[PDB]
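What follows is one chain in C-alpha cells, specifically the form deposited in one PDB entry.
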C-alpha cells in the first residue's frame, strides 16, 4: 500500500544505514513502477540518491571505480555539491571539486582502459593521484553523513514519502 517500504525502526538507524535504507526504498519503488528517470523523486531525494552512489562507489573502489563504472557525469555535476552546501554540508563538496579536476585530466584514459578490460583495482594503482581524495572523502563522510542524517530527521516528511515535498 505505501510507495516506500521502510522498516518500523528506520528513524533509529545510524547515518549511513539511514541513507542507504531510504535510497534503497526509493529505488525499489522506481524499479517496481518502471520509473527509470526517477521522476517521482524530489530534488532533495535526488540529492540523497546521488550522495549514496558517491559513497558506495568510493568506499568500494575509490573515485577510480566511480569513474570507470560510468558515474562521472552523474556525480561530478553542480547540483549535488550545491545542494549539500545549501544544507551546510561543505566537506564532501570540497572533495568533489578536487576530484573533479583529476577526473577532467585522467577520466577519459581511465574509462578507455576500463573498456579494454583493465580491472578497477589495477586502475586504482595506475592512477594513485586519486588516493589522497579517496582518503579525504572517507574523513569528510563520517561528519557529513551525520549532518545529512540531522537534515533528514528535521525534514522527515520530505524524505520518507513520495510526493509530500
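For the two forms, the rigid core is made up of the largest set of C-alpha atoms that agree within 1.5 Å on superposition. Numbering follows the first chain given and starts at 1. Only residues modelled in both forms are compared.
One more form of this protein should be noted, the form deposited in another entry, which is absent from this view; the next part is about it.
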| item | value |
| --- | --- |
| Position that moves between the shown form and the other one after core superposition, taken from 106, 46, 29, 100, with Cα shift of 2 Å or more | 29 |
| Residue 141 C-alpha relocation of at least 2 Å between the shown form and the other one, rigid core basis | no |
| Exceeds or equals 2 Å, Cα of residue 14 between the shown form and the other one, core fit | yes |
| Core-superposed C-alpha of residue 85 shifting 2 Å or more between the shown form and the other one | no |
| Direction of the Cα shift between residue 53 and residue 21 in the other form, where the change is 3 Å or more | closer |
| Direction of C-alpha distance change in the other form, residue 133 to residue 15 (at least 3 Å) | farther |
| Regions shifting between the shown form and the other one, defined as 3+ consecutive residues whose CA atoms all move 2 Å or more relative to the core | 3 to 39, 77 to 79, 162 to 165 |
